[PDB]
Amino acid sequence: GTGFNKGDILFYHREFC
Amino acid sequence: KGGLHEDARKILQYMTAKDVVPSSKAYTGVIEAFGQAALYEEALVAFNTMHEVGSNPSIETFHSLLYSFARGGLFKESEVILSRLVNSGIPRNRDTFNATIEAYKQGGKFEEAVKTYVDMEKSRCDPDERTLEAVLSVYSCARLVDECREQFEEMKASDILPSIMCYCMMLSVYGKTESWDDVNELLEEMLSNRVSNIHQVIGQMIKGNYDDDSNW
């Protein structure tokens, strides 16, 4: 039954502007 | 300090290649090294890398950035950095004020330069010789002999052994208006200069007395 078959770049690097 | 950007970059890459997290002071040093040679992009990249490795910026880093941007006249970067400082809450010492002064001076914004000068005079801190040097330079650049001579006679009354910068700026501004009499009367006291040797050497060489091979 139901038991069958076992059931960070790009940051701190932005454009300074 | 010596403006050896390449060597600083090599040392930074070497110390990064050995799994060593750089300190804030080292990053400040490499940032100022890149700023000496007008390599603004590399300095900004290093500044951005500071936050990535957790090495937060210090007051020395902001001073180096401000001086580097002021040398090149990039006053937009100067006001961006000032906004960064004000939202960071760090107190503004004389370095921030005079860096802003010289940034606006090199950028040609004389009116905003004197506005920032009087803003600095309003709040606090005592201007050093560098601040008066910057204001004298910006006055001489913007064709103002009267303010220049007033500041010159005011500053030399403090017995400070006036530096090369003031004398050269006065010679420049007097040559702007062809004030040959003023140039000569400054040179007469400049030639002797019993105190220091640098002033004597430069005063003799500008007049052409040191142009010889043995005299150069």
# chains A, B, ... in the order shown; residues from 1 in each chain; ligands from 1
$ closest_atom_pairs --of "chain B" --to "chain A" --cutoff "8 Å" --atoms "only C-alpha atoms" --output "tab-separated table"
residue	atom	partner	partner_atom	distance
B:44	CA	A:16	CA	7.7
B:45	CA	A:13	CA	7.5
B:48	CA	A:13	CA	5.4
B:49	CA	A:12	CA	7.0
B:51	CA	A:12	CA	6.0
B:52	CA	A:12	CA	5.9
B:77	CA	A:17	CA	7.8
$ select_by_dssp --residues "stretch 37-133 of chain B" --states "helix (DSSP H, G or I)" --output "number ranges by chain"
B: 40-52, 59-72, 75-88, 94-106, 110-123, 129-133
$ residues_around --residues "residue B:89" --least-positions-apart "6" --cutoff "12 Å" --atoms "only C-alpha atoms" --output "JSON, numbers by chain"
{"B": [59, 82, 83]}
$ residues_around --residues "residue B:35" --least-positions-apart "5" --cutoff "10 Å" --atoms "only C-alpha atoms" --output "list in words"
residues 3, 5, 29, 30, 40, 41, 42, 43, 44, 64, 65, 66, 67, 68, 69, 71 and 72 of chain B
$ atom_distance --atom1 "atom CA of residue B:103" --atom2 "atom CA of residue B:75"
5.4 Å
$ residues_around --residues "residue B:56" --least-positions-apart "5" --cutoff "12 Å" --atoms "only C-alpha atoms" --output "count of residues only"
17
$ atom_distance --atom1 "atom CA of residue B:146" --atom2 "atom CA of residue B:201"
28.2 Å
$ residues_around --residues "residue B:137" --least-positions-apart "4" --cutoff "12 Å" --atoms "only C-alpha atoms" --output "PyMOL selection string"
chain B and resi 101-106+108+110+113-114+130-133+141-145+147-149+151-152+165-173
